[PDB]
Each structure stands twice: as structure tokens, then as C-alpha cells.
There are 2 protein chains.
Amino acid sequence: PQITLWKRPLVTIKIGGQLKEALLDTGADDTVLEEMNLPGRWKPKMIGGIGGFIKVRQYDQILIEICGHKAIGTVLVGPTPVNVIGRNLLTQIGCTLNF
Amino acid sequence: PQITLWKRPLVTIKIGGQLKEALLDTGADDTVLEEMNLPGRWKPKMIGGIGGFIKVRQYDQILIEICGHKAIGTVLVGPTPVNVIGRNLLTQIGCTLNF
Ligand SMILES: CCOP(=O)(COc1ccc(C[C@H](NC(=O)O[C@H]2CO[C@H]3OCC[C@H]32)[C@H](O)CN(C[C@@H](C)CC)S(=O)(=O)c2ccc3ncsc3c2)cc1)OCC
């Protein structure tokens, strides 16, 4: 589909058998999701933006479904105020910016 | 143009007569630029990001040219990690997400 930017570009995603709302975010290098108890091994990481850094758990090779499109890659989990889908997954669903 | 997301969507902008690099960011509601001198009145404002809140200078009705496309709108100036073009100006240049 084509998503205009009058409102936050929020979409439903499916991760770990759960449905969540996430922002399609071209400014996010990586995908960051609100705290959730994913199984598997993980590595600590810190990611920074406006206001400083937060501590997150980095999980690799996680499958996510974004509006029916399937994607698999690194997901960071942590105390983020919003779920963000980042470039690492947006590239996989064929997402582009057009103006 | 159609911009893919394998690399950061960095573009040249023209603001206050000076060229700069900025990231097109569909997860940003607002446009936030690193510290710089901007002609005009401004009011103090706060904006919240992943890491908390920061103090910025809010400049209203600023002319900015983004890959040749003209926008006129609010620009926030403060300690952001990178210059970001937010939805308030992306909508002006007719930007959409497509996948
Ligand atoms: C209801 C809202 O609650 P809130 O007010 C704010 O919540 C939020 C709303 C949206 C976003 C997404 C973020 N946008 C943003 O910061 O936009 C601000 C400017 O425009 C305003 O609108 C939105 C907020 C205001 C950017 O898109 C992405 N970022 C990087 C960017 C800043 C360039 C370095 S990233 O998220 O830091 C991030 C993600 C993955 C990653 N991998 C490695 S680094 C790394 C960094 C974050 C928080 O809570 C305050 C405590």
C-alpha cells in the first residue's frame, strides 16, 4: 500500500505470535520493540536518540509479519516508548520513500 | 525520486541560506536540527525522544528546501544526534511510504 504521512505511519505487526502496533520509521537503523519476553539467546546493546540512550536486548533472526509481508532480522527489545520498525526490516518488505 | 532504505535516507537541505545534510525520518513528528544560527524569533520548547526529553528552540514558518522541494514550516534546533526532517515537512514535499 501507499502510506501518507499526515498521521503517524502506524501498522499492525505480528511477532512471537503476538499482534502489536508499530511505527514504520525510516530514521531508525534497527527495529525496536516494547518490552516482551521473547525466547532464545540475546546480546545486550545500547541505542541512542533524542534524549540519550536506552538499554535493550538484541535478538537475531526474529520473524516479523508487517501488513502481510514477512521479514526476518534483528529485533531490539527494551523500554522504548514506541514500537519502531527500522530500515533493517523495511528493506525486506520493499519499502521506499517517494516524493 | 524513489528512495530505498539500504542506506540512511540522507539528503541535502538548504536552510537560512546554508546547505546541510539531514535524515528523512517518518518516525519523527517534527523536524529537529543540530545547533545552528537561524534568522528569526524563537520560543523555548521541549521534545521527547527515545531517551527522554530535550530543550529546543522553536522557529516557526522557516523556509527550507529539501532536494529542491520547498517547504515552509516549524524547525526545532537543539541537541539532536543528527539532523532529522520530520512529518511536518515531509508532508509538504509530498512524501509517502510505499511497500
Ligand atoms: C507518544 C510519544 O512518546 P514520547 O514523547 C517520544 O516517543 C517517540 C516517538 C517516535 C520515535 C522514533 C524516532 N523519532 C523521534 O525521536 O522524533 C522526535 C522528534 O519528532 C518528535 O515525534 C516523535 C518524537 C519526537 C526516530 O524516528 C528514530 N530514532 C533515531 C533518530 C532520532 C535519529 C538518531 S530512535 O527512536 O531514537 C532509534 C530507533 C532505532 C535505532 N537503532 C540504532 S539507534 C536507533 C535510534 C522515538 C520516541 O516519549 C518521550 C520520553
Side-chain angles (χ1 to χ4, degrees), chain A residues 1-6 8-11 13 22-33 45-54 56 64-71 73 76 78-99, chain B residues 1-6 8-11 13 21-34 46-54 56 66-71 73 76-99:
Chain A
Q2 171 173 293
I3 300 171
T4 60
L5 304 175
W6 293 116
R8 298 129 317 281
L10 294 172
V11 298
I13 66 174
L23 180 64
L24 299 184
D25 187 352
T26 59
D29 290 341
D30 300 304
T31 299
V32 192
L33 300 181
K45 196 190 207 122
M46 268 167 91
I47 59 171
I50 287 168
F53 283 74
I54 61 152
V56 302
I64 286 173
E65 224 200 5
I66 308 165
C67 283
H69 295 57
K70 278 187 211 346
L76 311 175
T80 173
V82 48
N83 292 318
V84 174
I85 306 302
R87 291 189 296 101
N88 72 307
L89 301 183
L90 294 171
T91 54
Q92 295 189 23
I93 64 171
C95 188
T96 63
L97 276 177
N98 296 83
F99 66 90
Chain B
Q2 178 168 260
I3 298 170
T4 52
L5 301 170
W6 304 98
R8 291 193 227 150
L10 294 172
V11 309
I13 63 170
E21 212 139 63
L23 185 72
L24 309 182
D25 189 357
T26 64
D29 297 346
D30 307 325
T31 294
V32 193
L33 304 180
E34 283 170 322
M46 314 273 310
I47 60 153
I50 196 164
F53 279 81
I54 63 167
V56 297
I66 304 164
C67 280
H69 294 63
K70 287 233 208 110
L76 313 177
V77 176
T80 175
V82 53
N83 299 322
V84 296
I85 307 304
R87 290 187 300 101
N88 71 311
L89 300 183
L90 296 174
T91 55
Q92 294 198 18
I93 61 171
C95 200
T96 62
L97 285 166
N98 303 266
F99 62 95

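Residue numbers begin at 1 in each chain, while the letters A, B, ... track the order of the sequences. As a basis for the values below, the full set of heavy atoms in this structure was taken, side chains included, without hydrogen atoms, waters or symmetry mates.
Once rounded to the nearest 0.5 Å, the distance linking CD1 of B:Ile66 with CD1 of B:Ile93 reads 4.5 Å.
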Test log, rule side-chain contact (heavy atoms from CB on, under 4.5 Å), inputs A:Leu33 and A:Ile13: CA-CA 11 Å; A:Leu33 300 181; A:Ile13 66 174; 4.0 Å; yes
Steps toward side-chain contact (heavy atoms from CB on, under 4.5 Å) verdict (B:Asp29, A:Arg8): CA-CA 7 Å; B:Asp29 297 346; A:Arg8 298 129 317 281; 3.8 Å; yes
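For residues 76-97 of chain B, there are no ring pair (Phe, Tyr, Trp, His ring centres under 6.0 Å) pairs, not counting sequence neighbours.
Per-residue heavy-atom pair counts under 4.5 Å with chain A were compared for B:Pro1, B:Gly94, B:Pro81, and the maximum is reached by B:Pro1. The choice from A:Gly52, A:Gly51, A:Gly49 that makes the most heavy-atom pairs within less than 4.5 Å of chain B is A:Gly51.
Using a 4.5 Å cut-off between heavy atoms, B:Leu90 touches chain A through its side chain atoms alone.
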